[PDB]
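Asks: Before I ask anything, here's the sequence and the deposited coordinates:
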Amino acid sequence: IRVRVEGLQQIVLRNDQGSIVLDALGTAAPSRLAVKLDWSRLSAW
Amino acid sequence: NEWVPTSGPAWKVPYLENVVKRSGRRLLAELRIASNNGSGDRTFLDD
Amino acid sequence: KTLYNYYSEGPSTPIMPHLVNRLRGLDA
């Protein structure tokens, strides 16, 4: 469990009237190959 | 009596050539099963 | 081995040879 440098993404969505509706930060779920090469990633997930 | 046979054809002559070219549907399938194929096997049962 | 040993290993590279050596040990 994390308690505390930049591997996150800013995710943006706009509607028809050019207005940003989400503008949120997000992090990518690991791929199963990454889990295969590092099983501790499943624990973090 | 005007056209000389050794001068070459005076009509329209249809040349041809074979070409290697995959269709869009075939390429989409290839992406599915060779680059976007993340099935559990082929990942974890590869040994 | 013992139950203490198995509780501190974790999954590893190819996971099918894993989980079957573990099962044979747990059955033993």
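Replies: Alright, I've got the coordinates. Numbering: from 1, shown residues only, chains lettered A, B, ... in the order given.
Asks: When you work out contacts or count neighbours from here on, use the C-alpha atoms and nothing else.
Replies: OK.
Asks: Which residues of chain C lie near chain A?
Replies: C:11, C:12, C:13 (Cα under 8 Å from any Cα of the partner chain).
Asks: Among those, which ones are in strands?
Replies: Among the residues of chain C next to chain A, no residue falls in strands (DSSP state E).
Asks: Nearest to chain B, out of the residues you listed: which one, please.
Replies: residue C:13 (9.0 Å; Cα to the nearest Cα).
Asks: can you count the residues close to that closest one?
Replies: When neighbours are defined as other Cα atoms under 10 Å in any protein chain shown, residue C:13 has 13 of them.
Asks: can you check the one 3 residues further on too?
Replies: Around residue C:16 there are 14 other residues, counting by other Cα under 10 Å.
Asks: okay but it is in contact with residue B:45, surely?
Replies: Yes: counting by Cα atoms under 8 Å, residue C:16 touches residue B:45, with 6.9 Å between them.
Asks: Surely residue C:18 touches residue C:11?
Replies: Yes: between residue C:18 and residue C:11 a contact is recorded at 7.0 Å, counting by Cα under 8 Å.
Asks: show me what contacts the residue nearest the centre of chain C?
Replies: Geometric centre of chain C, nearest residue: residue C:22, 2.6 Å, by Cα atoms, centre = their mean. Contact analysis of residue C:22 by Cα atoms under 8 Å, 6 or more residues apart in numbering or on different chains lists residue C:6.
Asks: how would you label it: helix, strand or coil?
Replies: When classified by DSSP: H, G, I helix; E, B strand; the rest coil, residue C:22 comes out as helix.
Asks: and the end-to-end length of stretch B:21-39?
Replies: With Cα to Cα, to the nearest Å as the measure, stretch B:21-39 spans 28 Å from end to end.
Asks: How about stretch C:13-23?
Replies: 16 Å.
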